[PDB]
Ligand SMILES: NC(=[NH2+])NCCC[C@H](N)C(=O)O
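Read the single chain below, which is given as structure tokens and is the form solved without the named molecule.
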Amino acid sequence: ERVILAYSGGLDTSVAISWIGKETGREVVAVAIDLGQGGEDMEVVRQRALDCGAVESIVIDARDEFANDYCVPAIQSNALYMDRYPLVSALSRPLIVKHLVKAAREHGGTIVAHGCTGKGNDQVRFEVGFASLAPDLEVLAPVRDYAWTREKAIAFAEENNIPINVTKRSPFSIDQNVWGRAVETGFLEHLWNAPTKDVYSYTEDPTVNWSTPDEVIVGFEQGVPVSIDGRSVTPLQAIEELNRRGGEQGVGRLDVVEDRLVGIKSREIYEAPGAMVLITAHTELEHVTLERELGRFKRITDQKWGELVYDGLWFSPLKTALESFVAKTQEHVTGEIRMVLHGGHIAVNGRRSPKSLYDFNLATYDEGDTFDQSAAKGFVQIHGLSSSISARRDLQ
């Protein structure tokens, strides 16, 4: 009976491999997943798990899977939590859960372990995912439930001669992948404190490139990003290219006070240049290709989807049913959106679509005008009638 845990090569979890081994008497399988977080080579991470006592240590390249099956759905629901940020650090959790469960089935795992705390959202996203996909697996939360701390890890590593880097942690706690980057530091827990330049990495300062804005065309086919400036791309490639081009213009710097599911507010810093460009473009394309009342209701389902995924309910039946709604709406969301990236800002300035609902002749007053204005007087009379009857009663 194995313990399966997600592994990124850090101090606490590296030491947790042998500690879990000694605490449970079970062998540990480390699962490292490439989601485009950069940093150390995946093989170096893989080997570290082995050197720290893992019986098996595997690397999964899930970058395309993440882009295709997690980022694209977020784009299709224009997902912006608090109407501010695109679920950075929420999207990858169900993917990680799915791979941990798969590895448990393959490597005789009966227990999965995670390192989330009791005041974050990630504990919810992991544990609700495990309860939904594999309720037979026991779940261990060493940090939340067994007081597993850095200090305890270091003492255990010393006593057991675990080969691990215990040099001072920098003031920043970083969580990043190809979709975006989250930064935590003590200084920014005070709401009147502004971030400094050292907080950023994915993006340049928005004062760069004064005379060199970047005009970009992003194309979609049925709600999926498929081209940039006429060049075909995969969804992963689209995210990566727009991370670069957006980042070079300071785009996607986010500074949010958000509502955590566990009942408290917290101040967070995010960088998500490519995500914000893609969601902004996708929204502009829906304004060209989706009918009025469908769009008004879809703003409601967009919001609900974002809430469900934030709240650790990716696998919930309401989320799954909303995806069937979304899929139908995306049928004709096909076209290109032109934007200028500059000064930290995304400015739209062009649209074209073979599925456009914009009708030049209905809108124009030019010679081609086809709008029958004789209908309007009667429309306004009936549109206003029920509230006018109510007003009469009020004023009587």
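Start at 1 with the first residue shown and count on from there.
- Higher mean CA temperature factor between 38 to 46 and 357 to 365: 38 to 46, per the PDB entry.
- The mean Cα B-factor in the deposited entry runs higher for 135 to 143 than for the other of 135 to 143 and 221 to 229.
- Between the residues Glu336, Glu331, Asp51, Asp64, the entry's highest C-alpha temperature factor is the one at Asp51.
- Sorting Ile96, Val208, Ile300, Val128 by the CA temperature factor given in the entry leaves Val208 at the top.
- Among the modelled residues of the chain, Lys304 sits in the lowest third by CA temperature factor in this PDB entry.
- Ranked by Cα temperature factor within the chain, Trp148 sits in the highest third according to the deposited record.
- Compared with the other modelled residues of the chain, the Cα B-factor recorded for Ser77 ranks in the lowest third.
- When all modelled residues of the chain are sorted by CA temperature factor, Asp311 is found within the lowest third.
- Compared with the other modelled residues of the chain, the Cα B-factor recorded for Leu318 ranks in the lowest third.
Beyond the structure shown, there is the form deposited with the named molecule bound, which is absent from this document and is the topic of what follows.
- Of the residues given (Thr283, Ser89, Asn209, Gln303), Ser89 alone sits with a heavy atom within 4.5 Å of the named molecule in the bound PDB entry.
- Screening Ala141, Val128, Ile164, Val183 for any heavy atom within 4.5 Å of the named molecule in the bound PDB entry leaves a single hit, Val183.
- Put simply, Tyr310 is close to the named molecule in the bound PDB entry: some heavy atom of it is within 4.5 Å.
- Using a 4.5 Å cutoff between non-hydrogen atoms, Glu241 does not count as a contact of the named molecule in the bound PDB entry.
- Interface residue remark: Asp122 is counted as part of the site for the named molecule in the bound PDB entry, having a heavy atom within 4.5 Å.
- Within this chain, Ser173 lines the site of the named molecule in the bound PDB entry, having a heavy atom no more than 4.5 Å away.
- Only one listed stretch (191 to 199, 226 to 234, 262 to 270, 319 to 327) carries heavy atoms within 4.5 Å of the named molecule in the bound PDB entry, and that stretch is 262 to 270.
- Using a 4.5 Å cut-off on any heavy atom, the one residue of 55 to 87 that reaches the named molecule in the bound PDB entry is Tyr85.
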